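Here you get one chain, nothing else, as structure tokens; it is the form deposited in one PDB entry.
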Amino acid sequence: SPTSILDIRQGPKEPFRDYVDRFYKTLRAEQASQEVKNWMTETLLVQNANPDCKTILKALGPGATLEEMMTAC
């Protein structure tokens, strides 16, 4: 507040739905183009999830929807 999108990481006990909401709000607050925000989400969202969730999300493979990610965790 203001936090860089680079610093948003899922806590060890943080539910994935809470982390995605925190990530979304932080990125909304960032002063950047839609292109930069898209690149940031593609690069950081799964990468900055906690190791337990990251194993689950990566197993879904590329192109998984947010709905599918929510129903996996």
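We call the rigid core whatever largest set of C-alpha positions still superposes within 1.5 Å between the two forms. Residues that one form lacks are left out of the comparison. Numbering starts at 1 and follows the sequence shown.
Query raised in the report: Is it true that at least a third of the other compared entries have no coordinates for residue 51?
Result: Residue status for residue 51: no gap in any other entry.
Query raised in the report: Do at least a third of the other compared PDB entries leave residue 62 without coordinates?
Result: yes, residue 62 frequently unmodelled elsewhere, at least a third of entries.
Requested in this report: Could you check which stretch, 5 to 13 or 52 to 60, carries the larger mean CA temperature factor in the entry?
Outcome: Taking the mean C-alpha B-factor of 5 to 13 and of 52 to 60, the larger value falls to 52 to 60.
Requested in this report: For residue 32, return the chain-relative third of its C-alpha B-factor as stated in the PDB record: lowest, middle or highest.
Outcome: According to the entry, residue 32 has a C-alpha B-factor in the chain's highest third.
Keep in mind that the form deposited in another entry is missing from the display, and what follows is about it.
Query raised in the report: After a core superposition, would you say residue 40 shifts its C-alpha by at least 2 Å between this form and the one not shown?
Result: Residue 40 C-alpha, core-superposed: shift of 2 Å or more.
Query - Regions of at least 3 residues displaced between this form and the one not shown by 2 angstroms or more (CA, core superposed) - result: Run with every C-alpha shifted by at least 2 Å: 30 to 43, nothing else.
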